[PDB]
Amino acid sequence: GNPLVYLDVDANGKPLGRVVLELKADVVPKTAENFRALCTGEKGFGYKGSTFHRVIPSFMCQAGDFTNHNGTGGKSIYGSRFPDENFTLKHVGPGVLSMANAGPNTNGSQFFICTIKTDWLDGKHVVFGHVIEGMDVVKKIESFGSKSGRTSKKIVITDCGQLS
């Protein structure tokens, strides 16, 4: 059924633990598959060694720019960008996993994990998964953010892959 993938996260070289995510391939197969392949690194590129570059407490933690490392870059397994698959899943609460974008139909590799219900993003960002285990690790990441999004520690995805 749905893939389970993981992100192991460090803050200034000290391990925070693991985040496990279910990808909703039953609802958004193209979006799920992109994220899965970027966790395994099987196309020759992916999230390993990239950072959470924008973290805003009581909102979300954002990551996945492995080309420019600053929120301008990243790419998908299909090309630079790919379309909004559908908006069937909603931002219902903490732990929701959703695609970052620069407007309609600009999905790449950047993603965010919500730390509250972000209902005003419904219809604008494609929801494609949720946190199964490791919300404590996410709350730690959140604690290193600020209003501007700047992080007070370097937060690195030191390893990632597929569990099933």
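Each residue number is its position in the shown sequence, starting from 1.
Looking at 52 to 60 and 98 to 106 together, the entry lists the larger mean B-factor for 52 to 60, computed on C-alpha atoms. In this entry, 143 to 151 shows the higher mean Cα temperature factor of the pair 143 to 151 and 17 to 25. Ranked by Cα temperature factor within the chain, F111 sits in the lowest third according to the deposited record. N34 sits in the lowest third of its chain by CA B factor, as recorded in the PDB entry. When all modelled residues of the chain are sorted by CA temperature factor, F128 is found within the lowest third. When the CA B factors of the chain's modelled residues are split into thirds, the value for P83 lands in the lowest one.
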